[PDB]
């Protein structure tokens, strides 16, 4: 089953080291409940410490594995309504067809897209069509993989402006507990990442970024240490001397609390320091 990850998921494990475990400047509550009928609910809510912009949301998910059907309804505090229809492994295998819609009964605006995915051995393909105010826009991504090596191309195109708006390449290589990933976005932005699971308890990642049109280089070191099986500690630092720390505790299987802090170097009296609270409830 050498079925590659989709282009968007290349370098995921390293990104997850750098990004989850943290939640600076926000307080977050995510609740996944389940009714007797089998339809499940997700209610998210987040608040910025500065803007005081509270966002709320409810999602309702209904499944029918027999037809490969997922039906999702979405509500948020912007009064925006969403509806998603997934049809997997029916028109063919393994082909996934998706219809996504959004509508806002205040501003009248209405948007939609048709997503398509095709998973197989050595090949993971995708083609989306976004219908909006300046539509349509065609997205296409392709990833081939054989024996650890990975090769991907991502592309987007405004049909109206007759203009290519995305042109990205990716080369990857995994040897199990070690991932290497590189990308070239628009012939301008160059990126690289390295994931390494050194021990049972220690995970480690490294970020690199550079662009022509400058001698500008940004890079980062990240790590995640699994104290016991119910507690975890993340830490990271970049070349701007921003130090991130995070600590996540599963109080009970299903309930995760997360504390995070961002500390600027060097500072005491004058620095942009941030805190973060995150709570995940799974019932």
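Numbering follows the first chain given and starts at 1.
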Mean C-alpha B-factor higher for 131 to 139, or for 151 to 159? 131 to 139
For the higher mean C-alpha B factor in the entry, choose 78 to 86 or 208 to 216. 208 to 216
Residue selected from 203, 189, 100, 121 by maximal Cα B factor: 121
Could you check 235, 257, 39, 58 and tell me which one carries the biggest Cα B-factor in the deposited entry? 39
Ranking every modelled residue in this chain by its Cα temperature factor as given in the entry, which third contains residue 28? middle
Which third, lowest, middle or highest, does the CA B-factor of residue 108 fall in along this chain? highest
Against its chain's modelled residues, does residue 145's Cα B factor rank lowest, middle or highest third? middle
Would you check the entry's CA temperature factor for residue 48 and let me know if it's in the chain's lowest, middle or highest third? highest
If you rank every modelled residue in this chain by C-alpha B factor, which third holds residue 184: lowest, middle or highest? highest
